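One chain comes next, on its own, written out as structure tokens in the form deposited in one PDB entry.
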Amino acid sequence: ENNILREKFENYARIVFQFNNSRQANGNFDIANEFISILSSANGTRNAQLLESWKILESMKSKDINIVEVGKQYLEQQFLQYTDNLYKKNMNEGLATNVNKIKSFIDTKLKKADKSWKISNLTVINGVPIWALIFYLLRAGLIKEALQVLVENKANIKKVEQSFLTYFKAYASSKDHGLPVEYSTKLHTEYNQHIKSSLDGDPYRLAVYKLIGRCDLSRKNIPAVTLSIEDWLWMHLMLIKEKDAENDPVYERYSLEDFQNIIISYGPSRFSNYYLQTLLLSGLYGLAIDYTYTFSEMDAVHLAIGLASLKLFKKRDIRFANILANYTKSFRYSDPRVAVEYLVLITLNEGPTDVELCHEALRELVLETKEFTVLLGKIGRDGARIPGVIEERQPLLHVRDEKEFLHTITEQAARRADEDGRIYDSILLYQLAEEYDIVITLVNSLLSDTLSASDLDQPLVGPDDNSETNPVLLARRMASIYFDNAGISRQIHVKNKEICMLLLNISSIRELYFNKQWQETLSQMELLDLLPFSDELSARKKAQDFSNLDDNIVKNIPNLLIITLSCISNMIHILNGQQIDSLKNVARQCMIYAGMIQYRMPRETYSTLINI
């Protein structure tokens, strides 16, 4: 049955809900730390890949984001860290400078296996492969100190390559896209002629030349010193020239676009366990979420949330609104509240279109899940609404509609209720719409029908059909919470309140018709001022008065007659000062009345069968 997801569904929903809290409370909640947090706990390839991808996202937090430069930095920081952690594991004599940490990685980590180098050709001075040292310093972001190391080993370097030293300083002193309008041409010929085609050349020397010079953009690999997938990626990022590339009319330009295309030509299988990261680092955000769909929709959705919260976005539909709405399909009916929490991240992408898309998604959620009381509120006892979940998320809707929206969706729901004949829904909806007169007029209909019929029913005190799920109990609710409230009550027509009280009265008479108490029902029927209890002049005045009667009551008279003749018969059960003469006169005038109205009345002067 998988509690395993549902648990996972709920943990992720929790994090989003706290995100929405902070957005609303103007806090600093960090979504990426929160996934990093959960994911670090979990095991497996995908999880420990999801985890690294969230670390990628979170180190772009508040960088200005130039894709090439932040991918480079993450790769560089990653390696430095790895380097510090090796050193921060015992051994060393000297001071803990960056250089010495790298000298340690070179010497101690795997350039050796028992004092002999596991990469051939290295030029070594005083126990140090100085080109490898320059390479790895560069690899960790430490360009100035890489430059220091080349400068310091001047007298030891040569085949007159005191020249590269010049170009390196310059590449370091600019914005690392070291473009002298001059030399770069000169360093390219020296590479082609003395460096490129060696056999006994230090492979790290070639690497350093290549990268610093952007030297030979075919042959995009470094023969013996790309040791890892992130090494591979870093190198590629070093070789791109973004700024002022379309300037200088030479096709030694190599773009992010080119790079992105190479990755695609290889596919996931060539990046096993590193593909998501590769997509994220190369700026293929779309393809990155696309790829993460192939193993979990939940993960794709949330990574997309991460990307969206980083102002990016500018199983195959990859727009933010649709990623969220689609996710929601899996649980809107079971968890409408959670659906709201997701639909409200649409506004992460600030700006119209998106805002409207959010509004349309909510609107669509409400219609069709029909979860009105969760989504749109409830009740009264005055105290306006008790807000629904949408209302609680008001500020995240970027609406500042005077709650126009929310009242406009309620009118829409309500009129759909009217076409489906989902009365109850309509009454609920017009309560929220504050259409008090419409509410009462709908309540009168529903109560009217259902008072006119045939008996056995109603429940009074005990269980079975409770409040605002059955017509009388609901009519009692409305009268109580509206009629005594001046401000609400003035908004409802006197006529409409009169009909309401009439129908409620008839219900009181039903409660205490059977339940014994035949005397008490006659009294109340009489008070209704509807049936003749006096003389024959009143039975025909109840006819003049009968065709002026509102359509709601003109339909209830049937059973009013016949509850009257019934008490009037259970009571005058010819007994064992006994005025039976009235209680009998009453039946008379009632039968004269039911004689003159009858073709205006269903199909039953079977008042005769209880008359005699």
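Rigid core (definition): largest C-alpha set, two forms, superposition within 1.5 Å. Note that residue numbering begins at 1 and tracks the sequence as displayed.
What follows is about the form deposited in another entry, which we do not show.
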Please name the single residue among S538, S255, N261, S296 whose Cα shifts by at least 2 Å between this form and the one not shown after core superposition.
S538
Does superposing the core leave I481 with a CA shift of 2 Å or more between this form and the one not shown?
yes
Large Cα shift (2 Å or above) at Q81 between this form and the one not shown, core-fitted:
no
Superposing on the rigid core, do we see a C-alpha displacement of 2 Å or more at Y275 between this form and the one not shown?
no
